[PDB]
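Please read the structure below before turning to the comments.
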Amino acid sequence: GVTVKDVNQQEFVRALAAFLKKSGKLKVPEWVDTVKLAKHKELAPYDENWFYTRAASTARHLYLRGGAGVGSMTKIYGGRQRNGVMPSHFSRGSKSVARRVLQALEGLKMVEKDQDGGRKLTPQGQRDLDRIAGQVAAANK
Amino acid sequence: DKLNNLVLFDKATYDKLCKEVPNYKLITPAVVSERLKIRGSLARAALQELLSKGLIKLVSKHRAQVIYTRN
Amino acid sequence: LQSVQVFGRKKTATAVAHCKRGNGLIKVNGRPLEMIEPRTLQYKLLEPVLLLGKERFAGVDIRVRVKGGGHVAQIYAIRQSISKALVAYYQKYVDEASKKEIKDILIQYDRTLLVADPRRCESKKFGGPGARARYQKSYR
Amino acid sequence: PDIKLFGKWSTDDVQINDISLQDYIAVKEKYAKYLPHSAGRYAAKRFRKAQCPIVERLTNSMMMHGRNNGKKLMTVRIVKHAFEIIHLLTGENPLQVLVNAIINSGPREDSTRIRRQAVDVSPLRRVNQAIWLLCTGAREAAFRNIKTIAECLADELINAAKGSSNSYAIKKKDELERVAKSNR
Amino acid sequence: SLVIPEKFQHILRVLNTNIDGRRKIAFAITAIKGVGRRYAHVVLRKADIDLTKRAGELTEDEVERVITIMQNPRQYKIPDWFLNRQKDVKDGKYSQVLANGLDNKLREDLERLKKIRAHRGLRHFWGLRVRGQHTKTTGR
Amino acid sequence: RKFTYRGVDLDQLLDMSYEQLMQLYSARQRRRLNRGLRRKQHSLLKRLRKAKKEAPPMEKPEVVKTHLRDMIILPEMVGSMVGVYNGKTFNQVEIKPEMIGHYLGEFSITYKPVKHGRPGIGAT
Amino acid sequence: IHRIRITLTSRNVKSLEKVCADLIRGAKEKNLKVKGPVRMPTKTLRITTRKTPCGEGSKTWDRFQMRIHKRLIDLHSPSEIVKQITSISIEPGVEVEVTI
Amino acid sequence: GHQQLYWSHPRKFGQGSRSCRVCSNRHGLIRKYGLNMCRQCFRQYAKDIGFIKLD
RNA sequence: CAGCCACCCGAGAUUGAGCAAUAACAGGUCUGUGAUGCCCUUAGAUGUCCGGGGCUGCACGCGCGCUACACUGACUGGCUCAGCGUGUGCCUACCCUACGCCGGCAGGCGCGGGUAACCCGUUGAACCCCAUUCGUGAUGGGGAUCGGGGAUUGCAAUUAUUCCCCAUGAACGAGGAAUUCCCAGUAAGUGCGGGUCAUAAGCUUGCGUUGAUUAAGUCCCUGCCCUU
RNA sequence: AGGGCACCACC
Ligand SMILES: [K+]
Ligand SMILES: [K+]
Ligand SMILES: [K+]
Ligand SMILES: [K+]
Ligand SMILES: [K+]
Ligand SMILES: [K+]
Ligand SMILES: [Mg+2]
Ligand SMILES: [Mg+2]
Ligand SMILES: [Mg+2]
Ligand SMILES: [Mg+2]
Ligand SMILES: [Mg+2]
Ligand SMILES: [Mg+2]
Ligand SMILES: [Mg+2]
Ligand SMILES: [Mg+2]
Ligand SMILES: [Mg+2]
Ligand SMILES: [Mg+2]
Ligand SMILES: [Zn+2]
């Protein structure tokens with residue numbers, strides 16, 4: 001038996017992103033090639049398929065900690081903003097990106113809206129993530 | 001004076017790489033760049049190609065330092 | 001039902017290890033001990049097991065819950081809590097001789113494995129950026 | 001269970017040739033640790049730093065200048081990679097190379113400038129100044145150069161252990177001792 | 001793959017600008033005034049050009065396609081908010097002004113502000129700061 | 001050739017209402033017009049219209065003086081003569097079409113440009 | 001009967017503890033199931049201000065602070081009995097809020 | 001008329017809308033916890049209010 | 001003797017502050033005060049309100065600072081950890097915000113919780129850690145200056161309030177004489193609160209996080225003090 | 001002339 005917490009999280013995220021891309025049923029916004037992921041970024045993501053990686057990361061976060069909304073996701077993906085000759089400060093991520101990722105995951109039926117607000121994993125999503133974790137553990141061993 | 005490194009191998013530099021480099025005790029992108037007058041990106045790509053072909057051996061990989069050695 | 005709950009501290013980081021009769025499991029926040037980040041300091045976590053041997057831990061399951069502080073402080077809190085939990089379990093459900101010998105090994109290697117470091121941040125004082133440094137003084 | 005630094009380098013075979021520095025280079029037995037990161041209170045009392053493992057003292061001295069202050073995880077990684085490079089380049093124990101470098105880099109006579117007068121140098125100051133010179137040489141070699149800091153540190157340590165004049169620490173020690181001889 | 005091709009171009013001329021062929025393509029077309037890193041990356045994404053190749057490695061057809069997309073962003077779904085000349089005060093059209101076009105636009109804007117004797121135009125004419133900065137101590 | 005603001009000639013601008021002009025204006029002027037002009041601005045507009053009507057043919061209208069330095073220059077104001085207060089004096093400004101969208105204050109400078117004299121005692 | 005919650009708040013720890021002890025002793029005498037005094041975290045209101053009325057001299061600061069201490073007591077008793085118990089002498093400076 | 005002009009400048013925010021509840025001065029005002037007192041008046045009345053220098 | 005040094009045991013063998021004498025200074029403050037003497041002014045006002053401008057004005061000199069000069073780095077992803085504390089108000093307008101939807105962003109709309117160990121909030125902070133691209137080039141270092149556009153606060157944003165987007169891409173390659181602060185969870189790095197606050201931090205006052213080198217001395221310099 | 005003290009002194 002293998003669960004997510006048993007494996008390396010970076011390898012798990014890569015494997016889950018590959019799985020989502022291979023399934024190919026995840027809805028991708030038309031503007032993924034134009035936007036940057038936050039106002040504190042300077043450039044758009046280097047990886048062309050950054051949307052699948054972000055979706056996998058969001059699903060893993062929902063597995064670890066359910067009930068997170070778009071605000072929580074933007075807090076999760078926030079980072080340091082450099083302000084030129086002024087000091088740096090914390091800045092949040094793109095609400096549209098977080099919302100589209102959550103809606104796409106809901107479209108895949110791996111994510112459902114929680115009763116108390118926010119999103120959570122469906123049993124199907126939990127099963128998919130545990131299977132991916134088992135594959136990662138098998139690959140490592 | 002400013003050092004003008006090569007972004008892509010010429011025939012002589014590529015031959016010198018494939019001949020001498022797999023014989024060094026310490027193989028790093030920085031030392032290869034210094035010896036062959038190539039850029040760090042070209043050195044990293046060349047060392048990855050040599051590792052794929054099996055001419056050299058990987059000692060350690062890290063985001064800031066990658067260390068290879070001869071077989 | 002044999003179990004102990006023992007804490008370890010480092011700055012504001014606190015880790016509580018629940019050590020009960022078991023088969024040799026060690027978890028931190030539900031994750032394997034080898035998966036805790038940063039892995040630059042993985043040997044700091046592995047030190048109790050490396051020093052005492054896996055045979056001592058083979059009879060217990062230890063689950064560690066850690067919170068507060070930073071990454072390094074949490075690492076040190078986890079290792080201290082694991083060591084103190086094993087010592088407490090031995091002194092409670094085994095003889096005193098085994099507890100004494102494992103405690104001697106741990107103390108000889110590193111006292112902070114069993115005794116907490118009492119250092120804490122010093123308060124800032126007005127007239128300077130921190131506890132001791134003062135703002136630059138000009139004359140003319 | 002033998003304890004090896006980073007799980008790779010053993011301390012049993014390390015020899016300190018200079019008997020004056022044997023009490024101020026903590027490298028083996030009770031001073032053998034898995035990592036050069038102990039978070040110990042070695043600065044609490046005088047001479048207590050003599051108990052700090054020499055690898056950890058090197059790691060501490062690598063946290064300069066200001067931009068690198070407090071980045072001990074980064075300096076630990078730098079030291080680990082430097083030891084790997086040293087082992088590849090020499091085939092020796094990196095701990096032995098470090099010990100030889102420190103022994104060769106410590107200045108034995110200095111001048112106090114009270115016109116200057118020559119004075120001897122205590123073993124603890126010898127070790128302190130050797131570490132300082134080695135780290136300074138590595139840092140200045142790595143600044144504004146494609147060569148990485150780990151490679152520069154490895155080269156500096158190897159040259160100092162050999163006693164070569166390519167070493168910044170060796171050159172500085174020679175200059176200090178020459179000035180002390182002149183003011184003698 | 002790593003050997004330099006025979007068709008590799010050391011220097012390219014695009015829009016009366018010398019583009020260095022040794023640089024990666026995205027940071028090589030930034031030599032054109034009016035093209036920054038963001039705009040260069042979005043243009044190359046629209047042009048389906050691999051970002052990993054150098055400027056000299058591009059074929060003539062690829063270079064022509066890149067120039068066409070660069071000079072007509074709106075036809076390739078490059079959004080208006082990405083443009084450095086949005087809702088031009090004279091024409092109302094959205095465009096990306098490049099090189100001599102950008103210089104002419106700047107001169108025209110300054111000339112208009114000076115012609116109506118607006119305060120910002122007068123500040124530009126006098127050579128002072130125009131965005132409300134203090135001039136007592138800085139800008140010397 | 002002929003004047004155009006956002007590609008619209010002056011006559012079409014005069015025809016357009018406030019809601020149509022808001023889309024042509026920049027963000028600041030659009031927000032200002034959305035929040036709405038007040039009694040003082042309406043009084044100034046009425047004064048300008050009266051001056052335009054009373055102006056003899058082929059002659060500039062009489063100068064209308066005002067303190068309203070934060071008045072948006074609307075198309076209907078083009079051709080008027082406005083004495084904009086600068087804190088001390090009513091500087092005379094003729095509204096040009098290219099002034100559309102700016103503030104009247106931008107054409108009535110509140111300070112004298114600095115011509116420096118010799119530094120005083122000290123001032124090392 | 002009804003569940004009664006008594007919230008006591010004070011700036012004086014000693015008087016607050018005396019009142020809480022007296023209330024619990026009264027509840028014990030009346031033979032009531034009383035949950036002990038739950039101690040909320042102490043609130044520290046701080047005002048840091050320059051000492052000088054003007055702007056001259058070394059920049060020294062006064063650190064004024066006020067400490068507010070809060071206690072909770074739970075009872076299972078009739079409202080009349082709770083009011084009778086709370087009718088005992090209350091030390092000055094203690095604010096009592098009873099909720100049913 | 002004068003009724004419409006007098007005191008007609010809006011004072012819903014800014015320094016001109018606040019003053020010390022003791023001396024009516026508008027500078028160095030403390031609004032924290034709703035004190036609304038200038039700093040000097042606060043130092044005068046801090047012990048009466050209940051603020052002490054433990055430190 | 002007073003006490004000093006080292007060591008054992010021990011959580012700890014010198015935690016950090018507050019308070020703080022006699023006698024003084026023509027030190028600062030009458031621009032904190034319905035504290036105040038005297039003098040001045042008091043209806044064409046030095047009262048008071050309203051409108052506009054100024055306090056920010058720029059050949060220059062000085063002081064406190066912020067950002068940097070890069071690879072012990074920048075960028076793009078991924079992963080994973082705090083503490084102090086504030087929050088809907090007499091006048092008084094102005095609170096902290098979860099979740100859902102719209103927008104690329106700043107933001108907008110809806111709908112809830114919290115007068116608070118109850119809700120924001122398990123305060124998913126930054127540095128750091130793991131991968132990526134860059135490759136010694138004033139360069140993907142740096143981000144000044146400047147053009148165009150979009151929002152928000154406000155009665156009002158021009159002399160740009162603040163914020164966002166594209167573009168522009170200056171000096172600066174480690175700093176002369178001189179000089180500041182500091183010895184342990186300290187210096188330094190790093191972010192987060194409070195005050196100011198309609199709008200709001202390059203300041204200050206606190207908080208944690210990472211975390212050292214050197215020293216356990218002296219009267220040489222700068223001062224202060226004592227005795228003859 | 002001698003003797004103390006202080007990282008708002010130095011080493
Ligand atoms: K380097
Ligand atoms: K006074
Ligand atoms: K007076
Ligand atoms: K007065
Ligand atoms: K004043
Ligand atoms: K005041
Ligand atoms: Mg983040
Ligand atoms: Mg600090
Ligand atoms: Mg460009
Ligand atoms: Mg005086
Ligand atoms: Mg001023
Ligand atoms: Mg940059
Ligand atoms: Mg540049
Ligand atoms: Mg201030
Ligand atoms: Mg001084
Ligand atoms: Mg000095
Ligand atoms: Zn007052």
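We label chains A, B, ... in the order they appear in the structure tokens, count residues from 1 in each chain, and number ligands from 1 in the order shown.
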Next on the checklist: At a cut-off of 10 Å, which residues of chain I touch chain B? Count only C-alpha atoms (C1' of nucleotides) and give the answer as JSON, numbers by chain.
Outcome noted: {"I": [71, 130, 131, 132, 133, 134, 135, 136, 137]}
Write the residues of the selection above to a file with N, CA and C atoms (P, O5', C5', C4', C3', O3' and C1' of nucleotides), as a PDB file, in the first residue's frame.
ATOM      1  P     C I  71      29.374  36.543  -8.327  1.00  0.00           P
ATOM      2  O5'   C I  71      28.373  35.501  -8.982  1.00  0.00           O
ATOM      3  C5'   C I  71      27.368  34.873  -8.200  1.00  0.00           C
ATOM      4  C4'   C I  71      27.140  33.448  -8.629  1.00  0.00           C
ATOM      5  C3'   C I  71      28.401  32.653  -8.968  1.00  0.00           C
ATOM      6  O3'   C I  71      28.256  31.314  -8.506  1.00  0.00           O
ATOM      7  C1'   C I  71      26.921  32.616 -10.800  1.00  0.00           C
ATOM      8  P     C I 130      19.285  22.014  -2.148  1.00  0.00           P
ATOM      9  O5'   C I 130      18.170  21.378  -3.078  1.00  0.00           O
ATOM     10  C5'   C I 130      17.604  20.116  -2.772  1.00  0.00           C
ATOM     11  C4'   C I 130      16.580  19.724  -3.800  1.00  0.00           C
ATOM     12  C3'   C I 130      16.996  19.927  -5.242  1.00  0.00           C
ATOM     13  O3'   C I 130      17.819  18.883  -5.721  1.00  0.00           O
ATOM     14  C1'   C I 130      14.827  20.794  -4.926  1.00  0.00           C
ATOM     15  P     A I 131      18.721  19.110  -7.022  1.00  0.00           P
ATOM     16  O5'   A I 131      17.716  18.835  -8.219  1.00  0.00           O
ATOM     17  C5'   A I 131      17.964  19.368  -9.505  1.00  0.00           C
ATOM     18  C4'   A I 131      16.687  19.538 -10.280  1.00  0.00           C
ATOM     19  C3'   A I 131      16.780  20.438 -11.496  1.00  0.00           C
ATOM     20  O3'   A I 131      17.317  19.785 -12.628  1.00  0.00           O
ATOM     21  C1'   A I 131      14.918  21.070 -10.218  1.00  0.00           C
ATOM     22  P     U I 132      18.403  20.535 -13.536  1.00  0.00           P
ATOM     23  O5'   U I 132      17.552  21.624 -14.323  1.00  0.00           O
ATOM     24  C5'   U I 132      16.414  21.245 -15.078  1.00  0.00           C
ATOM     25  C4'   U I 132      15.686  22.443 -15.627  1.00  0.00           C
ATOM     26  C3'   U I 132      16.524  23.433 -16.412  1.00  0.00           C
ATOM     27  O3'   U I 132      16.755  23.008 -17.741  1.00  0.00           O
ATOM     28  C1'   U I 132      15.113  24.596 -14.916  1.00  0.00           C
ATOM     29  P     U I 133      18.210  23.155 -18.394  1.00  0.00           P
ATOM     30  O5'   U I 133      18.230  24.644 -18.946  1.00  0.00           O
ATOM     31  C5'   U I 133      17.269  25.081 -19.892  1.00  0.00           C
ATOM     32  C4'   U I 133      17.176  26.582 -19.925  1.00  0.00           C
ATOM     33  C3'   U I 133      18.494  27.325 -20.050  1.00  0.00           C
ATOM     34  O3'   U I 133      18.968  27.389 -21.381  1.00  0.00           O
ATOM     35  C1'   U I 133      17.209  28.299 -18.332  1.00  0.00           C
ATOM     36  P     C I 134      20.542  27.453 -21.673  1.00  0.00           P
ATOM     37  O5'   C I 134      20.985  28.855 -21.072  1.00  0.00           O
ATOM     38  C5'   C I 134      20.532  30.066 -21.653  1.00  0.00           C
ATOM     39  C4'   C I 134      20.844  31.253 -20.779  1.00  0.00           C
ATOM     40  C3'   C I 134      22.311  31.573 -20.580  1.00  0.00           C
ATOM     41  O3'   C I 134      22.851  32.291 -21.673  1.00  0.00           O
ATOM     42  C1'   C I 134      21.150  31.739 -18.517  1.00  0.00           C
ATOM     43  P     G I 135      23.982  31.638 -22.600  1.00  0.00           P
ATOM     44  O5'   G I 135      25.339  32.114 -21.931  1.00  0.00           O
ATOM     45  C5'   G I 135      25.450  33.403 -21.347  1.00  0.00           C
ATOM     46  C4'   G I 135      26.580  33.460 -20.353  1.00  0.00           C
ATOM     47  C3'   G I 135      27.900  32.876 -20.846  1.00  0.00           C
ATOM     48  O3'   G I 135      28.987  33.613 -20.299  1.00  0.00           O
ATOM     49  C1'   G I 135      27.183  31.701 -18.928  1.00  0.00           C
ATOM     50  P     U I 136      30.385  33.659 -21.080  1.00  0.00           P
ATOM     51  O5'   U I 136      31.180  34.837 -20.372  1.00  0.00           O
ATOM     52  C5'   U I 136      30.757  36.187 -20.513  1.00  0.00           C
ATOM     53  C4'   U I 136      31.283  37.053 -19.399  1.00  0.00           C
ATOM     54  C3'   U I 136      32.762  36.867 -19.071  1.00  0.00           C
ATOM     55  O3'   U I 136      33.321  38.123 -18.696  1.00  0.00           O
ATOM     56  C1'   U I 136      31.465  36.433 -17.149  1.00  0.00           C
ATOM     57  P     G I 137      34.157  38.983 -19.762  1.00  0.00           P
ATOM     58  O5'   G I 137      33.054  39.527 -20.772  1.00  0.00           O
ATOM     59  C5'   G I 137      32.305  40.693 -20.470  1.00  0.00           C
ATOM     60  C4'   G I 137      31.162  40.889 -21.430  1.00  0.00           C
ATOM     61  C3'   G I 137      30.084  41.867 -20.990  1.00  0.00           C
ATOM     62  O3'   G I 137      30.416  43.204 -21.324  1.00  0.00           O
ATOM     63  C1'   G I 137      29.103  39.880 -21.879  1.00  0.00           C
TER      64        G I 137
END
Item to check | Selection: 8 Å around segment 153-164 of chain I, only C-alpha atoms (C1' of nucleotides), excl. self and same-chain fewer than 4 positions, as a PyMOL selection string | outcome: (chain E and resi 119+130-132) or (chain F and resi 69-70+102-106) or (chain H and resi 10) or (chain I and resi 105-106+198-200)
Checklist entry - Can you list, as a PyMOL selection string, every residue of segment 13-154 of chain D that DSSP puts in strand (DSSP E)? => result chain D and resi 109-111+118-120
Checklist entry - Near segment 24-35 of chain D, counting only C-alpha atoms (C1' of nucleotides), which residues have an atom at most 10 Å away, once you skip same-chain residues fewer than 2 positions from it, shown as a VMD selection string? => result (chain C and resid 40 to 44 46 to 47 50 108 to 110) or (chain D and resid 2 to 16 19 to 22 37 to 38 47 to 57 76 80 95 to 96 99 102 to 103 123 to 128)
Item to check | Expected answer as a PyMOL selection string: residues within 6 Å of ligand 1, only C-alpha atoms (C1' of nucleotides) and all ligand atoms | outcome: (chain D and resi 142-149) or (chain I and resi 71)
Output of the above residues as a PDB file, in the first residue's frame, restricted to N, CA and C atoms (P, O5', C5', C4', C3', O3' and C1' of nucleotides):
ATOM      1  N   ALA D 142      36.420  32.773  -6.769  1.00  0.00           N
ATOM      2  CA  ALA D 142      35.113  32.510  -7.357  1.00  0.00           C
ATOM      3  C   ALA D 142      34.380  33.770  -7.792  1.00  0.00           C
ATOM      4  N   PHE D 143      34.721  34.932  -7.243  1.00  0.00           N
ATOM      5  CA  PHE D 143      33.994  36.147  -7.590  1.00  0.00           C
ATOM      6  C   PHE D 143      34.215  36.525  -9.050  1.00  0.00           C
ATOM      7  N   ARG D 144      33.119  36.839  -9.746  1.00  0.00           N
ATOM      8  CA  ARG D 144      33.137  37.278 -11.144  1.00  0.00           C
ATOM      9  C   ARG D 144      33.889  36.298 -12.039  1.00  0.00           C
ATOM     10  N   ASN D 145      33.603  35.014 -11.854  1.00  0.00           N
ATOM     11  CA  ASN D 145      34.247  33.970 -12.633  1.00  0.00           C
ATOM     12  C   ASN D 145      33.258  32.835 -12.833  1.00  0.00           C
ATOM     13  N   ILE D 146      33.317  32.199 -14.004  1.00  0.00           N
ATOM     14  CA  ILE D 146      32.413  31.090 -14.277  1.00  0.00           C
ATOM     15  C   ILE D 146      32.722  29.889 -13.393  1.00  0.00           C
ATOM     16  N   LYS D 147      33.955  29.767 -12.915  1.00  0.00           N
ATOM     17  CA  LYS D 147      34.304  28.694 -11.996  1.00  0.00           C
ATOM     18  C   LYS D 147      33.475  28.804 -10.723  1.00  0.00           C
ATOM     19  N   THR D 148      32.873  27.695 -10.309  1.00  0.00           N
ATOM     20  CA  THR D 148      31.964  27.734  -9.175  1.00  0.00           C
ATOM     21  C   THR D 148      32.732  27.837  -7.862  1.00  0.00           C
ATOM     22  N   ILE D 149      32.001  28.203  -6.810  1.00  0.00           N
ATOM     23  CA  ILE D 149      32.625  28.407  -5.510  1.00  0.00           C
ATOM     24  C   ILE D 149      33.157  27.092  -4.958  1.00  0.00           C
TER      25      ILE D 149
ATOM     26  P     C I  71      29.374  36.543  -8.327  1.00  0.00           P
ATOM     27  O5'   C I  71      28.373  35.501  -8.982  1.00  0.00           O
ATOM     28  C5'   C I  71      27.368  34.873  -8.200  1.00  0.00           C
ATOM     29  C4'   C I  71      27.140  33.448  -8.629  1.00  0.00           C
ATOM     30  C3'   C I  71      28.401  32.653  -8.968  1.00  0.00           C
ATOM     31  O3'   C I  71      28.256  31.314  -8.506  1.00  0.00           O
ATOM     32  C1'   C I  71      26.921  32.616 -10.800  1.00  0.00           C
TER      33        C I  71
END
Only residues of chain I matter here; which ones have an atom within 10 Å of chain D, counting only C-alpha atoms (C1' of nucleotides)? Give them as a PDB file with C-alpha atoms (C1' of nucleotides), in the first residue's frame.
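File out_1.pdb, as written:
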ATOM      1  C1'   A I  70      25.874  39.615  -9.871  1.00  0.00           C
ATOM      2  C1'   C I  71      26.921  32.616 -10.800  1.00  0.00           C
ATOM      3  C1'   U I  72      27.742  31.982  -2.525  1.00  0.00           C
ATOM      4  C1'   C I 127      15.054  34.064   2.880  1.00  0.00           C
ATOM      5  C1'   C I 128      16.029  28.908   2.670  1.00  0.00           C
ATOM      6  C1'   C I 129      15.381  23.815   0.042  1.00  0.00           C
ATOM      7  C1'   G I 135      27.183  31.701 -18.928  1.00  0.00           C
ATOM      8  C1'   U I 136      31.465  36.433 -17.149  1.00  0.00           C
ATOM      9  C1'   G I 173      32.229  46.264 -12.172  1.00  0.00           C
ATOM     10  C1'   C I 183      30.465  40.015  20.900  1.00  0.00           C
ATOM     11  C1'   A I 184      25.575  35.201  21.050  1.00  0.00           C
ATOM     12  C1'   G I 185      20.391  33.312  19.177  1.00  0.00           C
ATOM     13  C1'   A I 187      26.101  41.036  13.796  1.00  0.00           C
ATOM     14  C1'   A I 188      24.246  40.378   9.139  1.00  0.00           C
ATOM     15  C1'   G I 189      20.488  38.329   5.638  1.00  0.00           C
ATOM     16  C1'   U I 210      18.377  31.672   8.897  1.00  0.00           C
ATOM     17  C1'   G I 211      22.505  32.451  11.641  1.00  0.00           C
ATOM     18  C1'   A I 212      28.232  33.504  12.006  1.00  0.00           C
ATOM     19  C1'   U I 213      33.845  35.509  12.035  1.00  0.00           C
ATOM     20  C1'   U I 214      36.620  37.650  16.012  1.00  0.00           C
ATOM     21  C1'   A I 215      37.651  38.565  21.603  1.00  0.00           C
ATOM     22  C1'   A I 216      37.503  37.248  27.368  1.00  0.00           C
ATOM     23  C1'   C I 220      47.717  53.319  22.216  1.00  0.00           C
TER      24        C I 220
END
Next on the checklist: Taking 4 positions as the minimum chain separation for residues in the same chain, which residues sit within 8 Å of residue 140 of chain I when counting only C-alpha atoms (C1' of nucleotides)? Answer as a PyMOL selection string.
Outcome noted: (chain E and resi 27) or (chain I and resi 74-75+134)
The selected residues should be written to file as a PDB file, in the first residue's frame (atoms: C-alpha atoms (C1' of nucleotides)).
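Heads up, here's the output in out12.pdb:
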ATOM      1  CA  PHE E  27      16.654  37.373 -25.830  1.00  0.00           C
TER       2      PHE E  27
ATOM      3  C1'   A I  74      19.147  36.210 -11.736  1.00  0.00           C
ATOM      4  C1'   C I  75      14.865  33.695 -13.936  1.00  0.00           C
ATOM      5  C1'   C I 134      21.150  31.739 -18.517  1.00  0.00           C
TER       6        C I 134
END
Item to check | segment 6-11 of chain J surroundings by only C-alpha atoms (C1' of nucleotides), 10 Å radius, close-in-sequence under 4 positions cut, as a list in words | outcome: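 Final neighbour list, sorted by chain and number: residues 134 and 137 of chain C; 180, 181, 182, 183, 215, 217, 218, 219, 220, 221, 222, 223 and 224 of chain I.
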